[PDB]
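This document starts with one chain, in the form deposited in one PDB entry, laid out as structure tokens.
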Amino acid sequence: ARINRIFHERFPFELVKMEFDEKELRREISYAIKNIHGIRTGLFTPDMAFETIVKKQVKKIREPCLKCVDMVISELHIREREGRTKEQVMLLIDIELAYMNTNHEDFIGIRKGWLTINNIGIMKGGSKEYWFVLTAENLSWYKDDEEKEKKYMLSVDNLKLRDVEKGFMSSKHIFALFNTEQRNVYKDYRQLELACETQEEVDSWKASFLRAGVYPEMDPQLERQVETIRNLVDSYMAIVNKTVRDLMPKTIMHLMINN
């Protein structure tokens, strides 16, 4: 049975092969919102945009759960018991689809790093380094990784993202945050041309800014609704994986091995 225990701790590997294309998840969230409103208008995000995307991904779990039962039967009347152990695995998944419990270990119940300001004003020299935290809502500056100072901030929206021309440092690739409707870019430091340690870091920052909602150098509302639903789905599917990992061995131990 030290082989069986590997299954109970190899089954977690099958549950992470269930890959999906992100742009297909966003596509289905969008069509879900539109079909839920119907003829009406989108004042608030509907619940079924969350419930029906989650219910769709949970149904994918039936397969690996029934693989786990077959593997354990290989290691081990045992056939007649297989007819009863697999009902309780299907019936446990059905129960997961019957009700959506949002009261625990859920949101209801994005990028960090050091950035250097390349352009320095008349009152300062060298370069200015600060600890930067990016969220989907706002930008914040700090003097250290402890994130205690809370001195400068920028809005994710009403802001634009751009690359830079030739002449900027190549050893510390520089991007820029800027506005065109305002002269002062959220306590601007000479157009906020910020250097990173590597070019890959800049690209990752640009991706995070775009995800947050920074405009590159239905859509305004639908994209925010799609993003909100996507994050809520991920957090709730983390719960569903923990429950399945911890309930499969006990269902097999009770119904098959101990009998």
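Residue numbers here begin at 1 and follow the sequence given. In this text, rigid core is short for the largest set of C-alphas that superpose within 1.5 Å between two forms. Shifts are known only where both forms have a C-alpha.
We do not show the form deposited in another entry, though everything after this point is about it.
Rigid-core-referenced C-alpha movement of 2 Å or more between this form and the one not shown, selected from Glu200, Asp234, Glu63, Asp47: Going through each option, the one that shifts is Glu200.
C-alpha of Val89 off by 2 Å or more between this form and the one not shown on rigid core: No, its C-alpha moves less than 2 Å.
After the core is matched up, is the C-alpha of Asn103 off by 2 Å or more between this form and the one not shown? No, shifts by less than 2 Å.
For a quick test of reading the superposition: does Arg26 move by 2 Å or more at the CA between this form and the one not shown, rigid core aligned? False for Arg26: its C-alpha shift is below 2 Å.
If I superpose on the rigid core and flag every C-alpha moving 2 Å or more, which consecutive runs of 3+ residues come out between this form and the one not shown, in sequence order? In sequence order there is one run that relocates between this form and the one not shown, which is 110 to 217.
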